[PDB]
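Trainee: Protein sequences, first through last, are from chains A and A'. A prime marks a further copy of an entry chain. Taking the entry's author numbering, the leading residue of the first sequence gets 1, the next gets one more, and so forth. Taking the entry's author numbering, the leading residue of the second sequence gets 1, the next gets one more, and so forth. In this text, a Cβ means the ideal position worked out from N, Cα and C, and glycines have one as well.
There are 2 protein chains.
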Amino acid sequence: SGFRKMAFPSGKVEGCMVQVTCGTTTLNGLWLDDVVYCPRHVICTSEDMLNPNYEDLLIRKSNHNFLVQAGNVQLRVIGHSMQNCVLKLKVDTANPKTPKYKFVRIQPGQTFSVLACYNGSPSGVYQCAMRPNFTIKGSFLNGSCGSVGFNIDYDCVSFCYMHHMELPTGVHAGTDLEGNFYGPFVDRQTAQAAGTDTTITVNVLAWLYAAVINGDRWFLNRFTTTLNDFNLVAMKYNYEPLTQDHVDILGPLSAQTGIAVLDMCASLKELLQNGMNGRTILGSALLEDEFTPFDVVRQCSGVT
Amino acid sequence: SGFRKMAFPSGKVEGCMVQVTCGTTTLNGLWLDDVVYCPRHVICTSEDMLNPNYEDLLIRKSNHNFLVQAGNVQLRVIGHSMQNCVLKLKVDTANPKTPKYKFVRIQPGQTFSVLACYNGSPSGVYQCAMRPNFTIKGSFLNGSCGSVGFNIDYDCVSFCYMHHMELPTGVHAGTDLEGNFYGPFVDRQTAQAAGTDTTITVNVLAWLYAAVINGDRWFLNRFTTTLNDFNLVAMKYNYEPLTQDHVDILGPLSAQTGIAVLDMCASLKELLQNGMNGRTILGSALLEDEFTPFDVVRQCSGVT
Ligand SMILES: Cc1ccncc1NC(=O)[C@H](C)c1cccc(Cl)c1
Ligand SMILES: Cc1ccncc1NC(=O)[C@H](C)c1cccc(Cl)c1
């Protein structure tokens, strides 16, 4: 029992972190096989970031200008290429610690663990959600660029995120491992607005099931609702509309607890309309949306 | 910017997790150098747990009855001893992945990362606090026994906790790495009460400083208080009394923000007396107490 914002064990990812220096800029890189991946803005000075022409900036750089250091040893760079917003540095040595891995582009509302790094060194791990507006509310300081988000399925690490930028609002933006930004963001020191964010409804419902499983049941009521009625409430409270696909993924939790998805929707409806009245659910005084139905099933069953 | 419940990178600890089986019971062990540490209740059957005589139960066991498996390979047990509530299995091979380490007994209110494990396999990492009543509000299922809590200072892992038991209330109890329980708990299937828990005042204050650093300042007021006046409020709201030692550890945060500790106490006093009025601080609708002043300084500066 107990329910925690749990992150994946970060070991397999720690073995991949390297420090990349180009000119006077240092950030983190991901060394997988014989390739080091990092944000392309490693090649810019602070003055370049205002309006960078990355093609022109990269043309002034050679293999020998990219300094890659893994722990305490130096990697020899034999090729460099830009793919979207990421640089790929071909090295002459394959990382002996390369885990089984994939590069995946996650959907908004999905969760992942972040290994926050500085100078190629891991400092912390936390679990977070890709917001519906494609931002992440991380914890990143200058030098954290190149830190990655990932999920793990038994022995396979699926890298889904690379940190690039902190927006003027303090929220974070980044790319998939092919360098494509999540959201409408560009890697430039220009004010950029993130869309209106919404609460991930299916995740809140999954979290309400985790609460019932762990004994927090005060919010269960004698009511039920319809998808249409629930969506009227969701719209008013800036919750993502619930679809039959979301109901389907909640099936295993509905099966375990015996509480039909639409009965849980009616509990959620009442909490949205009445608040928590000073009570807590799983030690939280607000509706938590950073646990997917898959995360609740995994945590509540002990998937290693 | 951003503030997360961040755990230490778990890599160095993952390399130490093993599976220990004795009879029909399997749990997790910690392999450091040529010794495997695990909860002594690995030797009990479900029937033994009601009122176990561990000395008598261990006398029926030999080195060959303890099966230790690290990943996929078997460790040869050449010695066994009980130290308080932990068994120490001497193995013929030193763990090649043994990090620099220490065994430390943490104080209540201190924080640590937990690597939750099942069958010697890591499944998740989360950060938590040792409650003032010596319990931890973890996330543990059957088979999680032997999972450990730790802190990391550059390259040194300080192990502070080993999970043993889930109390009838759903909270967790365990030992230091010498097998001494934190709190008044015994390793027996008998109802055991944890003391009245209190909120870790110094941690809430540290977290209010993290909020000011990250831009959440609405709770700052035009008031100040005295240690005596603040402690009257703390007593009424079941907060630990603040001492000059706590004020002293908050000095670096007071120095950074320019908000005197007693001015922050007056903000905390007003939040205790008025609640949050439907507002949030660092994405939380309640006063967070799982970040020490050291954790806030480390996270807010980027200590790797
Ligand atoms: C300062 C900081 C804090 C947290 N995350 C990232 C950062 N770093 C940045 O945002 C850096 C300086 C940057 C500027 C403009 C565009 C891009 Cl792609 C990257
Ligand atoms: C079931 C479970 C869930 C979460 N944590 C630990 C556990 N496991 C236990 O509490 C085990 C069965 C146990 C019983 C009585 C005393 C002791 Cl020392 C250990």
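Tell me the DSSP secondary structure of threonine 243 of chain A in three-state form.
Mentor: coil
Trainee: Measuring only between beta-carbons, confirm whether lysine 236 of chain A' sits less than 8 angstroms from chain A.
Mentor: no
Trainee: Given a cut-off of 8 angstroms, decide if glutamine 107 of chain A and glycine 179 of chain A are closer than it, judged by their beta-carbon atoms.
Mentor: no
Trainee: Distance cutoff 8 angstroms, beta carbons only. Does residue 322 of chain A sit that close to anything in chain A'?
Mentor: Outside the shown range of chain A, which is 1 to 304, sits residue 322 of chain A, and nothing can be said about it.
Trainee: Nearer than 7 angstroms: is that true of the beta carbon of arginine 131 of chain A relative to any heavy atom of ligand 1?
Mentor: no
Trainee: Run the Cβ filter for me: residues under 7 angstroms from any heavy atom of ligand 2, listed in the order they occur in the chain.
Mentor: A:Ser1, A':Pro39, A':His41, A':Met49, A':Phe140, A':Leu141, A':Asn142, A':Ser144, A':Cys145, A':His163, A':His164, A':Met165, A':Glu166, A':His172, A':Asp187, A':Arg188 and A':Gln189
Trainee: For chain A', check one thing: does any of its Cβ atoms lie closer than 8 angstroms to the Cβ of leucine 268 of chain A?
Mentor: no
Trainee: Pull up the CB-CB distance for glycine 174 of chain A and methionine 162 of chain A, whole angstroms please, since I reckon it's below 8 angstroms.
Mentor: Going by Cβ atoms, the distance from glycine 174 of chain A to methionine 162 of chain A rounds to 5 angstroms, so yes, they are a contact pair.
Trainee: Is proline 132 of chain A near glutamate 290 of chain A, with beta carbons less than 8 angstroms apart?
Mentor: no
Trainee: At what residues does the alpha helix (DSSP H) containing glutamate 270 of chain A begin and finish?
Mentor: 261-274
Trainee: Could you say which of A:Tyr209, A:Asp56, A:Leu30 and A:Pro252 lies nearest to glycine 120 of chain A if we only look at CA atoms?
Mentor: The shortest C-alpha separation from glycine 120 of chain A is found at A:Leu30.
Trainee: Answer yes or no: do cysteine 145 of chain A and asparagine 28 of chain A have a C-beta to C-beta separation smaller than 8 angstroms?
Mentor: yes
Trainee: By Cβ distance, which residues of its chain are closer than 6 angstroms to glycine 79 of chain A', with the 5 residues on each side in sequence left out?
Mentor: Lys90
Trainee: State the DSSP-derived secondary structure class of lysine 12 of chain A, mapped to helix, strand or coil.
Mentor: helix
Trainee: Could you name the residues of the same chain whose beta carbon sits closer than 6 angstroms to that of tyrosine 182 of chain A', not counting the 5 residues immediately before and after it, in chain order?
Mentor: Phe134
Trainee: Going by DSSP, what residue range makes up the beta strand (DSSP E) through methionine 17 of chain A?
Mentor: 17-22
Trainee: For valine 86 of chain A, does the three-state DSSP call read helix, strand or coil?
Mentor: It is a strand residue.
Trainee: What does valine 73 of chain A' pair with, by DSSP beta-bridge criteria?
Mentor: Partner(s): A':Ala70.
Trainee: Between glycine 195 of chain A' and chain A, is there a C-beta pair that is closer than 8 angstroms?
Mentor: Not a single CB atom of chain A sits nearer than 8 angstroms to the CB of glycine 195 of chain A'.
Trainee: Does DSSP put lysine 102 of chain A in a helix, in a strand, or in coil?
Mentor: Here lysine 102 of chain A carries a strand assignment [DSSP, helix/strand/coil].
Trainee: In this structure, does DSSP put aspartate 289 of chain A' in helix, strand or coil?
Mentor: coil
Trainee: By Cβ distance below 8 angstroms, which residues in the same chain neighbour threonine 226 of chain A in space, the five residues on each side in sequence not counted?
Mentor: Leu262
Trainee: Beta carbon of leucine 57 of chain A: closer than 7 angstroms to some heavy atom of ligand 4?
Mentor: You won't find ligand 4 in this model; what it holds is ligand 1 and ligand 2.
Trainee: Using the C-alpha atoms, what's the distance from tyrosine 154 of chain A back to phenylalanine 294 of chain A?
Mentor: 14 angstroms
Trainee: What does DSSP give as the partner residue(s) for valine 36 of chain A in the beta ladder?
Mentor: A:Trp31 and A:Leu89
Trainee: What are the boundary residues of the alpha helix (DSSP H) that includes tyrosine 209 of chain A?
Mentor: 201-213
Trainee: As a quick exercise: from A:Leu253, A:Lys88 and A:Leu50, pick the residue whose alpha carbon is nearest that of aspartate 33 of chain A.
Mentor: When only C-alpha atoms are compared, the closest one is A:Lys88.
Trainee: Can a CB atom of chain A be found closer than 8 angstroms to the CB of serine 46 of chain A'?
Mentor: Taking 8 angstroms as the CB threshold, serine 46 of chain A' stays off the interface with chain A.
Trainee: Per DSSP, what kind of secondary structure is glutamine 127 of chain A in: helix, strand or coil?
Mentor: strand
Trainee: Could you check where the alpha helix (DSSP H) with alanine 234 of chain A' kicks off and where it finishes?
Mentor: 227-236 is the extent of the alpha helix (DSSP H) around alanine 234 of chain A'.
Trainee: From which residue to which residue does the beta strand (DSSP E) around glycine 251 of chain A' run?
Mentor: It is not in any beta strand (DSSP E) - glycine 251 of chain A' instead sits in the alpha helix (DSSP H) that spans 251-257.
Trainee: Determine, for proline 9 of chain A', whether the minimum Cβ-Cβ distance to residues of chain A falls below 8 angstroms.
Mentor: Any Cβ of chain A closer than 8 angstroms to the Cβ of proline 9 of chain A' would place that residue at the interface, and such an atom is present.
Trainee: To the nearest whole angstrom, what separates the beta carbons of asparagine 214 of chain A' and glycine 2 of chain A', a pair I think is in contact under 8 angstroms?
Mentor: 7 angstroms
Trainee: Does the separation of the CB atoms of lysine 102 of chain A' and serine 158 of chain A' fall below 8 angstroms?
Mentor: yes
Trainee: Along the segment 138-153 of chain A', where does the CB come closer than 7 angstroms to a CB of chain A? Name the residues.
Mentor: Within the segment 138-153 of chain A', the residues whose Cβ lies closer than 7 angstroms to some Cβ of chain A are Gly138, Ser139, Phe140, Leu141 and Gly143, listed in chain order.
Trainee: Does the distance from the CB of residue 305 of chain A' to the CB of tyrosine 126 of chain A come in under 8 angstroms?
Mentor: There is no way to answer for residue 305 of chain A', as the model of chain A' reaches only from 1 to 304.
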